[PDB]
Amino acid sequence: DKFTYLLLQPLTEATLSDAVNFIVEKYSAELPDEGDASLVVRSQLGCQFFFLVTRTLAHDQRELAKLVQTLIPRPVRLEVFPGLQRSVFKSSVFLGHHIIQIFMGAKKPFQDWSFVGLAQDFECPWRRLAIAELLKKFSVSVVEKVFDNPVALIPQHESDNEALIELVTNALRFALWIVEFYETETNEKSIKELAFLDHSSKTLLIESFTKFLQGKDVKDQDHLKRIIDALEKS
């Protein structure tokens, strides 16, 4: 009751901090145990965190998204954000936010890729894996039922919840495509995996990127038109 109240509230820094504290109190409750029953319970509580992250991304409150990793205790943080996921979470959040907002139509803009260290994380193949692992976790937290009671991805938006999740998960999939096909975008096999995208989605992406490359670093620009050209061919 105390929990379901919070999750249903409008998304603020207050409602976010209290919720994470509750999950952690619940998450902690499994750390003394080390069996298999403990791991599955912990694994669900873990993606309850990512639900809250995915909510913030889809609600255009990215500053709240970064705050999630802060409210999480270090031992819990080591298990929820394993290894290199910890180091690239800042970049993953930005990447997921950028794409999701585009898919929701948000008339731009988004910070540089070479400034927020996102373009840097791309050039490391092991950082792309840790980013991809996070994007995947973002996606599954809103597809699966992480709570024992149904919760809308965006508060108050019940009747359109199935539509929102569909939209968000597609965005999180295209963000996953950018990662896995870095510098191999225009290759035939890479383009075949753009078949999932709606035709309107591609146009929204082509436009938002074409408008996003203006004045940017050449490296980011060439990265973008590799993406755009891959969109224009699918």
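Sequential numbering from 1, following the sequence displayed.
- The stretch with the higher mean CA B factor, choosing between 180-188 and 53-61, is 180-188.
- Stretch comparison (165-173 versus 65-73) by mean CA B-factor in the PDB entry places 65-73 on top.
- The entry lists a Cα temperature factor for residue 42 that places it in the lowest third of the chain's modelled residues.
- Per the deposited record, the Cα B-factor of residue 147 falls in the middle third when ranked against the other modelled residues of its chain.
- Ranked by C-alpha B-factor against the other modelled residues of its chain, residue 135 falls in the lowest third.
- Compared with the other modelled residues of the chain, the Cα B-factor recorded for residue 107 ranks in the highest third.
- Ranked by Cα temperature factor within the chain, residue 116 sits in the highest third according to the deposited record.
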